[PDB]
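**Student:** need a 3D model of the sequence below.
(chains A, B, C, D, E, F and G, ligands or ions: 5)
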Amino acid sequence: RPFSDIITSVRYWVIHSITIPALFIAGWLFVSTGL
Amino acid sequence: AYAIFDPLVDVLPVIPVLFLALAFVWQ
Amino acid sequence: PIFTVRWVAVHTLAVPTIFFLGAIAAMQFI
Amino acid sequence: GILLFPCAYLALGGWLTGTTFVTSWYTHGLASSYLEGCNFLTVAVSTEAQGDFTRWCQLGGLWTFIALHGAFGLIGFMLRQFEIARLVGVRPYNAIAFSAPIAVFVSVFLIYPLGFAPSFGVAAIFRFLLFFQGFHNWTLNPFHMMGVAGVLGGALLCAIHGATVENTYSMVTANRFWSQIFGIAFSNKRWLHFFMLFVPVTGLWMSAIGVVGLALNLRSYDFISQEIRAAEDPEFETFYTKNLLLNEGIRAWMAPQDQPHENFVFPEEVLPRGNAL
Amino acid sequence: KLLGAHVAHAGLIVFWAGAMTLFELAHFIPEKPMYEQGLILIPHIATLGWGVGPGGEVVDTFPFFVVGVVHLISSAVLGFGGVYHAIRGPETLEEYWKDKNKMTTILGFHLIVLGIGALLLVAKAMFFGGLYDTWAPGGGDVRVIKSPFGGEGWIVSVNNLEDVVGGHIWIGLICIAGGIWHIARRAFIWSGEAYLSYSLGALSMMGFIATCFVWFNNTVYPXXXXXXXXXXXXXXXXXXXXXXXXXXXXXXXXXXXXXXXXXXXXXXXXXXXXXXXXXXXXXXXXXXXXXXXXXXXXXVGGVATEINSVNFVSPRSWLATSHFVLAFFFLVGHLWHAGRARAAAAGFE
Amino acid sequence: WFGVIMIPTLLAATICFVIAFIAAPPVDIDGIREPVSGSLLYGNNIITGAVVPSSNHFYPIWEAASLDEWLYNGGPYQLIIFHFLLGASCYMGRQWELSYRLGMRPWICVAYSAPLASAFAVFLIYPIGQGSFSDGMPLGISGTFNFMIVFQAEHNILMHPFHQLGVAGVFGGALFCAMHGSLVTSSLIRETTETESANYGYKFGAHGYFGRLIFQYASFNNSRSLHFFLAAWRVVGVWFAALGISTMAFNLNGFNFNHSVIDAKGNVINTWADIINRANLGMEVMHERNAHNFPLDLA
Amino acid sequence: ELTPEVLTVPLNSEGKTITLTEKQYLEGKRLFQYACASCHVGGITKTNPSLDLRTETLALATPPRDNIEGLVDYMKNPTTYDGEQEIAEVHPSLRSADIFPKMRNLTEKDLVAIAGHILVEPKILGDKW
Ligand SMILES: [Fe+3]
Ligand SMILES: [Mn+2]
Ligand SMILES: [Mn+2]
Ligand SMILES: [Mn+2]
Ligand SMILES: [Mn+2]
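**Tutor:** Numbering: from 1, shown residues only, chains lettered A, B, ... in the order given. Ligands and ions are numbered 1, 2, ... in the order given. See below for the structure:
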């Protein structure tokens, strides 16, 4: 994680933003309602 | 059916000035 | 600081915030 | 400071885990499939035990790890007094943490514990029920009276100072001179920045007094029984001590369900407390 | 944008309170089990809403459902087109509002609008319905006509409930005609903030008072009270005991025992002739139904203020803990705001 | 000095308070006292009705007999309670008058009084809903352990809604302010460069660098008035919550919780929330001496 | 854990027995707690000298209302313990739609529901009530 320091410029960062919310829910609602 | 009358009465003062003025900060 | 991660460390433990968000919605709906 | 990162990860990784995927089966029952009014997690079974993660974390291991990694890891003031006082300066805030946060936890895990199984709660209603039933068996302590006076003395010192300094650019600014407007009302501050020193010697000295009072009651002290009023009741009396020992002596007798081995027959419609029901 | 902030607020508060009443009236309305969720539908009957029990469904839902729908469709219609003063046009106006004392006196002529709007809405009963109290059904008439006490008397809805309507026609027509006519000059710092704090401090004084007056003397018959879950509860314990033995006059702890202790200045017996022979059978079994649900807070042990299971919901307890909490919080922020106006022209932050 | 009432309220509530506490030296021991309440009831008198007396009580005019009147129920407390509304109102009215007229200090009186009149107005607001008698605050006022046991069962019930927010701010703010007043007092614009001769050297007259280096770990105050916004939050966020939960606790209350009890077939599993919480309260606290006998629904 | 043996409430004092469903028990649990729990919170009684609806109190009735066909008839035709004084006006019943405006819509179908709900409630535990 190089680049420059953050403050209030980086939001979703395009990719890995909606997929991050689809990968977490793919291991929480699954490992709870049918593990 | 129009049974969603109870969902438009409460949200008429729950959402406004709580998500339409707090985040926007217009005033 | 580290130039290898530094800031990217606390987010690893904060990942458990979403794990508890889905487990609480699966036991309340069923 | 790598220890503080390994402790804040274990304490936050177990607290959020126990109140989402745990149980008890050794002491009542809570955290039922992530649906509880308190989301408590402690239990503490009556007693190397086993060697698993589901069987070992059932009877205990939950509070046994939160009190082992959360109390020993501690740090905070111990990690800041060796990094701030070495770079910047003023290691005064370290004294307040070693009494208001260090003694507050080290007392509930070294006094009530092994002095015998279930120690205390670690939640919202869990720590509210243990401080209600635990204070029922004792209460009216002399040392615990200081711990309650400090929480009302340091909070009032910050409220009377925060509302007097803000109302004291413009003609106000910030240079004091409000020692004549408040002095004619109640006492007077000698200044000298003693506003921060008095608040630190109030919240730290109160937490150290309340912790010493709770560490004594468990390790066998006195507390209850005025001794003077408990022996002087031949017939008609009634006071603030006779109505307190009856609202805690009869309330703790019935509804007993804490101990799963000591308690047995208490109902049968012949227990204590009788007024109207 | 001072006038537009009042319009967009009146249209958003009336359409939010009206729509919440129309969505609740169609959600509930069980059959006979009332008093179950109806904080907005309750004050309606005290002016126009059948009598005693539910009227029906077709002709009964006309003055209740159509009256609320016409109030929200006429409020949101005026608020939708009125919110144009907060988005465009000329910022601020005066015509024939500059913080002037001479112009502030003639302005704010809402005394003749609120006086002729509170006396015309109350006296409308003697021309249409007549509320529902005192007797058993409905039927306004006569005129009981300051008449009551000069001090703070919220519980004025005593024996004669007709004195409530007559107290609006006298104090209203004298306030509207005396207000429009009123339009040393050293009477506090006249301003826009000083008039707003006094307007909120007086409105909150009537809110904290009505949060008890609308839960004690009359106000609403379907609702319970602290004197209903104690007096009726004693009447249900004495009527069930007398049916097995009778003769109320013993000692269990310190007088009273069964009923009537006689303290202060009254006998509290309520006529010993109506206790022995009695004259209630259907009215006594109905009153004991409300006391068994409590008013303060309805909801192994039992089911009450500590450890419950299956119940419903409290009556006026929701209004005396949501509106009363909002009235005591707004009054604390209004009286404190008054000090910011008196120390602005003679101090400044 | 501005409002002519504080000199006639605080003086009457301090002379009558010291006179009542002396009449109970039969069994005080500096703790309980007030042994006059073992006859008929605690203090049922039914003083006034609905929003207190206004249309025209036992206060300035005892009447009845003479000495047998002031020794029954509330007695002198009926006059002392009337002084709390006059003393607290004057303690906030004169505070906001000897600040703006004396120099320049707006507010800080309406907010600071929110905490003082939070418990003072709570003793009067309660009787305006449940019982206008005088029960609640023990006559004479000593220790006050009854308002920590009774206010647990009912008339407020199990605290776990609004009273759970204010109790965490006043207690948690005493530990946060203890550190804030200790760091600045350690090295800032009050010393840090005066007496440090290993004793007490002569002083003669760091706050901008110690406000972001010590309170780091994530951020900082980021404001010169951020510390004043934290001290005002412990006097408003916890004050209006304590007064708000008490003002609503007349008959409605809240409590919630009820009972989890959800098994496989349907029985009673129980847990720490309302099953074990109301077990030590709905049996020990529900044992109020011996007053009730007829009623069973409400104590 | 609701088994077919628990919800097997008797249908007579002779030796019969019906067989309700998981949908029937859920129907009576919301009707007996929304218009009867106002004076029967947890099966207990607010206006009676210890008159619960346990299977030890109903069996002592005249006739025994411990069945599903005996308790259902008692709902509309209310009694007064000894079964001598007709309390058809004192207590709310299905026959008195004038006083009980709650069960006005309910028919003889919801009668056997609130009855079987009381009996089944006593089968959840071993002896605790
Ligand atoms: Fe400071
Ligand atoms: Mn009491
Ligand atoms: Mn009671
Ligand atoms: Mn009680
Ligand atoms: Mn009581």
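**Student:** nearest residue to the residue in chain A that chain C sits nearest to other than its sequence neighbours?
**Tutor:** Residue of chain A nearest chain C, by CB to the nearest CB: residue A:28 (3.2 Å). C-beta coordinates here come from the backbone N, C-alpha and C atoms, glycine included. Using CB to CB, 6 or more residues apart in numbering or on different chains and skipping the chain neighbours, the partner closest in space to residue A:28 is residue C:22 (3.2 Å).
**Student:** that neighbour and residue A:32 touch, don't they?
**Tutor:** Yes: between residue C:22 and residue A:32 there is a contact under CB atoms under 8 Å: 6.5 Å.
**Student:** the residue in chain B that chain G sits nearest to: how many residues sit nearby?
**Tutor:** Residue nearest to chain G within chain B: residue B:6 (19.4 Å; CB to the nearest CB). Around residue B:6 there are 17 other residues, counting by other CB atoms under 10 Å in any protein chain shown.
**Student:** and it, how far from chain C?
**Tutor:** Separation of residue B:6 from chain C (CB to the nearest CB, to the nearest Å): 21 Å.
**Student:** thinking again about what came up before, contacting residues around the residue of chain A closest to chain C?
**Tutor:** If you count contacts by CB atoms under 8 Å, 6 or more residues apart in numbering or on different chains, residue A:28 has them with C:18-23, C:26.
**Student:** which stretches in the stretch 51-200 of chain E count as helices?
**Tutor:** Assigned helices in the stretch 51-200 of chain E, in chain order: E:62-82, E:101-106, E:111-122, E:163-179, E:194-205 (criterion: DSSP state H, counting those that start in this stretch).
**Student:** which one of these lies nearest to chain A?
**Tutor:** That would be helix E:62-82 among those, by CB to the nearest CB, at 34.4 Å.
**Student:** show me what the closest one is packed against.
**Tutor:** Packing partners of helix E:62-82 (3 or more CB pairs under 8 Å, 6 or more residues apart in numbering or on different chains; DSSP states H and E): helix E:4-25, helix E:42-45.
**Student:** that helix to helix E:4-25, inter-axis angle?
**Tutor:** Put simply, helix E:62-82 runs at 150 degrees to helix E:4-25, going by axes from the mean of the first three to the mean of the last three CA atoms, to 10 degrees.
**Student:** can you tell me the centre-most residue of the chain?
**Tutor:** As the question left the chain open, I've gone with chain A. Residue closest to the average C-alpha location in chain A (CA atoms, centre = their mean): residue A:20, at 2.8 Å.
**Student:** you answered for a different chain; I wanted chain D.
**Tutor:** What sits nearest the mean C-alpha location of chain D, by CA atoms, centre = their mean, is residue D:104, with 6.1 Å.
**Student:** which residue packs closest to that residue, ignoring adjacent ones?
**Tutor:** In space, residue D:104 is closest to residue D:207, 5.4 Å off (CB to CB, 6+ apart).
**Student:** report the secondary structure state of that neighbour.
**Tutor:** helix (DSSP: H, G, I helix; E, B strand; the rest coil).
**Student:** hmm, it is touching residue D:149, no?
**Tutor:** No: counting by CB under 8 Å, residue D:207 stays clear of residue D:149, with 11.7 Å between them.
**Student:** can you give me the neighbour number for the nearest residue to the residue of chain B closest to chain G once chain neighbours are set aside?
**Tutor:** Spatially, and ignoring its direct neighbours in sequence, residue B:6 is nearest to residue E:23 (2.8 Å; CB to CB, 6+ apart). For residue E:23, the tally of surrounding residues (other CB under 10 Å) stands at 17.
**Student:** again, but for residue F:265
**Tutor:** Using other CB under 10 Å: residue F:265 sits among 11 other residues.
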